[PDB]
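Single-structure report; data block below.
Cβ sites come from the backbone with ideal geometry, for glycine too, and all protein chains shown count toward neighbours. Any read-out appearing in this document is the output of simple, stated calculations on the displayed coordinates, not a laboratory observation.
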Amino acid sequence: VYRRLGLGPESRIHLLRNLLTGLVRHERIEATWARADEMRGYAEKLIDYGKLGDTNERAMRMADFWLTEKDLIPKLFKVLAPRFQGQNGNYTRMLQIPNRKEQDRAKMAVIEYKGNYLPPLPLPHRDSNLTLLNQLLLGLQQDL
Amino acid sequence: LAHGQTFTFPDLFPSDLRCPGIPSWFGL
Amino acid sequence: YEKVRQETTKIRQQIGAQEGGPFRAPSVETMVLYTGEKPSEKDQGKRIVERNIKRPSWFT
Amino acid sequence: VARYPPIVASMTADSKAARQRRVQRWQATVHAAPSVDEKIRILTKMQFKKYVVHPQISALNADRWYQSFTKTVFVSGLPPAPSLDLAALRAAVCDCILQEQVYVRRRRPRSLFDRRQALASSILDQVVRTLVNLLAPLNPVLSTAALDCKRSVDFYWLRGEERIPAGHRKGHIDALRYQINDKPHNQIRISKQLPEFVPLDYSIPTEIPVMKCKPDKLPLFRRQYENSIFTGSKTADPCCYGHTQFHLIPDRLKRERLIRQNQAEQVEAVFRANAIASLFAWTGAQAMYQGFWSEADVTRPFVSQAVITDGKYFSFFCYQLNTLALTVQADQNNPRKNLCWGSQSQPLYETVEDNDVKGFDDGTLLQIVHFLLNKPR
RNA sequence: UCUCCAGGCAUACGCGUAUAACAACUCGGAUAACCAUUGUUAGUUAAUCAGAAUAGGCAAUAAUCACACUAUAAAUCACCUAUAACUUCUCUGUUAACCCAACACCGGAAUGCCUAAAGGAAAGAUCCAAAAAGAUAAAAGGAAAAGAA
RNA sequence: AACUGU
């Protein structure tokens, strides 16, 4: 259930800690697809810790360790946690980006926090109902 | 330099597109 | 997507200058405003980023 | 339940902020060095390549160069402020000059060039020796004072910075390291601080010099050796203060050669540079002997006098040390500045004829009399 | 800015422009990026750092904080007398990540300081095959702890 | 001899 990453188990968490800290600071990070998927679960669970409450002593220990820069700790409890109070999940949006042209052809993805102030990503759009096939399906729906 | 003199280096060295392929010479 | 990243870098540059120091991440929400758009009451209690460019057509 | 962690840079990161915290940790350790010896040991235990400064130098604006590194302001003239038969001193001094020049019999120097320099040293030493004895009845402090003969003053401090442009350490920022070692002809060391010539924090319009070029551009060479700060005697010596310093300029820097070299205006600069270098280097050591360093700057100004003679002319200098903080960290928050007051060199006598010296100038002697009689209040 | 690593700095010797800026992206780096390659221009500042007269007379007693104290392994020109000369600061070295090992070698390389304030990055990407190598852990057992012959 | 995944 875990990708074999880092020179050791500590490295993965430290690397995840570095990745998590950067995402919180910027709210949108571009990284290899495998890393983005692995860290997406941690980011969602971190938001839950923010929702748990600022007064929660356990959340501080988790936040303090995971976030090297301590200015982010107030942000998580006073920016991220208030922002996601309405949301029940899916706080992070991860999308596949074309592979890096760096001679290694790594799989790339972009992970961002939803509700951010950054410009909206170019998300895919499903076909409109005005299409001929959809219009035909609409007629079948109306009859039923 | 002496006598309180100072030195500063001087600033030395201060066819038609519509009809292509036919030379414009041609009137034909 | 290249446009989004380029705009993101420009937005991030403005934020960095406004903060003026390392480890100065605000504990309050952040918002971006472009020329022709002025801070409103709803923008109160949120960090405001001012962009000299006008509101991009794609960005809403 | 307000347990928020401090918003600080991580110590373990490879960044300027992280290194700054590591740099701050060392600076904090120096704050925590309780004993004077421990403070000195920590500062000087590592040897690094550092500029070697000559108290007496022929450089143009040498006094300005030294002041810039030291943050010393040199006001022209003397600092703002028991009879002993002043005429009697002239007669006694007249005999002393005639004693060495015309009466004493000694083997001639082989070199034939040190003869002039050797004679000047002998007369200056004799006058000083007799002056101490004659002034002893009037001022008992001199009896308990310590007179040092050609003992060395050492001081080590950092002013300015530079970035390494090449090599394995390219791009790293390195402070400019300096050292002055001086051996005044004579100096008087006392166990009590002299009366201050001006209140601490005194500010004047005259401004410290700033040097356009690097210290390397002017002849000054960095070498790696022991860092030393020394008062002329060990910390064990009871006399951790002093009254006056005596300097004798060599022939190469004397007025006659300097005028021939066209550096007549720099004759005072040579006088000023030596006085500022010696007094600041010497005065700072005492404050270090008192436990004060850059981050523990002196609570009381350190004041003293110095006299520099070219063999014939005599100059008198007064220095007050207000700032021990010349490092960027300690100097980051300091309104104080070091203040030096110096007088122009003046002849002490005109000529030696037969067995009677002519033209002796008491005015210079009066300053020596004033200096010798002055005592802590 | 973050995560992590922990011999660093001078001189000697050697090297001889490998230094730095700019411009290139072909060749050289035992692949690239980036340059150490290619081209151009610059550089290393010294009275203080370093290198570059004579004839006679006459000298018992180590050091070891040198005193005591002993010892054996036996360990210290000067200064006098004469003669001669009679006013001097030039020349040269100074750069560098450098040298000897066919190499940007893995080792060889004198001395002083000091042990992180100095100096650094194990991760070309993805997958998580088997087998193989190293390390850690063992239910019950203990050669199928360090003691004896 | 013990010890331990030998």
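Annotations for the structure displayed:
- Anisotropy class of the stretch D:148-203 from Cα gyration tensor, a/c 1.5 cut: oblate
- Formal net charge of residues neighbouring C:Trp58 (Cβ-Cβ distance under 15 Å; K, R +1; D, E -1): +4
- As a rough footprinting exposure proxy, the listed residues D:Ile276, D:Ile180, D:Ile42 were ranked by other beta carbons within 10 Å of their own, and the order from fewest upward is D:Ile42, D:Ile180, D:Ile276.
- Binned Cα-Cα distances of the protein assembly as shown, short to long, each 10 Å bin given as a whole percent: 3, 12, 17, 14, 12, 11, 10, 8, 6, 4, 2, 1, 0, 0, 0
- For the stretch D:302-343, fraction of C-alpha pairs farther apart than 12 Å, in %: 64 percent
- Chain A: C-alpha gyration tensor shape, a/c 1.5 cut-off, then a/b vs b/c: oblate
- For A:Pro119, net neighbour charge (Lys/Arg +1, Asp/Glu -1) across residues whose Cβ lies under 11 Å away: +4
- A cut-off of 5 Å between modelled amide H atoms, ignoring neighbours fewer than 5 places along the same chain, links D:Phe314 with D:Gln346, D:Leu348.
- Those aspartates and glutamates that a straight Cα-Cα span of less than 15 Å connects to D:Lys234, excepting residues fewer than 8 apart in one chain: D:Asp37, D:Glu38, D:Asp148, D:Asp154
- Note on A:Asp48 and D:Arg252: their simple-model spin labels are 8.1 nm apart, each label 7 Å out from Cα toward Cβ.
- A simple packing score, the average count of other Cβ atoms within 10 Å per residue, orders the peptides D:68-79, D:192-203, D:212-223 as D:68-79, D:192-203, D:212-223, with the highest score first.
- For chain C: span of alpha carbons on each principal axis (Å, largest first): 30, 27, 17
- Average beta carbon contacts from partner chains per residue of D:2-12, 10 Å cutoff: 5
- In this structure, the residue pairs whose Cα-Cα separation is over 18 Å, taken from D:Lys214/D:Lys254; D:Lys16/D:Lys39; D:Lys39/D:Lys150; D:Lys183/D:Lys375; A:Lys45/A:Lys75; D:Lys217/D:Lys337, are D:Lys214/D:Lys254; D:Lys16/D:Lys39; D:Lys39/D:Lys150; D:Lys183/D:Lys375; D:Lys217/D:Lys337.
- Ranking D:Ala118, D:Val52, C:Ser27 by how far each Cα lies toward the positive end of the dipole of the protein assembly as shown (charges on Cβ) leaves C:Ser27 at the top.
- Under the convention that each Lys and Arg Cβ holds +1 and each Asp and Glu Cβ holds -1, the size of the dipole of the stretch D:66-136 around its Cα centre is about 480 debye.
- For A:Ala109, distant residues with modelled amide H under 5 Å away: A:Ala31, A:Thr32, A:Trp33, A:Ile97
- The convex hull drawn around the Cα atoms of the stretch D:201-253, when projected onto a plane and averaged over every direction, covers 8.0 nm².
- What the phi angles of the stretch D:313-330 give under the Karplus curve with 6.51, -1.76 and 1.60, with θ = phi - 60°, is a coupling list of 6, 10, 10, 10, 10, 10, 10, 10, 9, 9, 10, 8, 9, 10, 5, 4, 4, 6 Hz, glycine and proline written as x.
- Per-residue HN-Hα couplings for the stretch D:216-223 [Karplus 6.51, -1.76, 1.60; θ = phi - 60°; Hz; x = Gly/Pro]: 5, 4, 5, x, 6, 10, 8, 9
- Overall, the stretch A:8-47 carries a charge dipole of about 80 debye about its Cα centre when +1 sits on the Cβ of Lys and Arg and -1 on the Cβ of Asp and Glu, all other atoms neutral.
- When peptides D:335-347, D:162-174, D:133-145 are sorted by average Cβ neighbour count within 10 Å, with the highest value leading, the order is D:335-347, D:133-145, D:162-174.
- Radius, Kirkwood style, for chain D when every pair of distinct Cα atoms is counted (Å): 22.5 Å
- Evaluated over the Cα positions of the stretch D:16-121, the convex hull gives a direction-averaged projected area, one quarter of its surface, of 15.7 nm².
- With a 10 Å cut-off around each Cβ of A:78-84, the average count of Cβ atoms from other chains is 2.
- Among the residues of A:115-123, the average count of other protein chain beta-carbon atoms within 10 Å of the residue beta-carbon is 5.
- Amide H contacts of D:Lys50: D:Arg223, D:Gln224, D:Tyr225, each under 5 Å away and 5 or more positions distant or on a separate chain (H built 1.01 Å from N in the peptide plane; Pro and chain starts excluded).
- Electrostatic dipole magnitude of the stretch D:298-377 [Cβ: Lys, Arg +1; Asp, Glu -1; Cα centre; debye, to 20]: 780 debye
- The stretch D:86-231 - Rg over Rh from alpha carbon coordinates, Kirkwood radius: 1.11
- Other residues lying with their Cβ under 12 Å from the Cβ of D:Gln99 contribute a combined charge of 0, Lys and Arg counting +1, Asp and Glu -1.
- For the stretch D:290-305, Karplus couplings with θ = phi - 60° (6.51, -1.76, 1.60), whole Hz, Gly/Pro x: 8, x, 7, 9, 4, 7, 10, 3, 4, 7, 10, x, 9, 10, 5, 10
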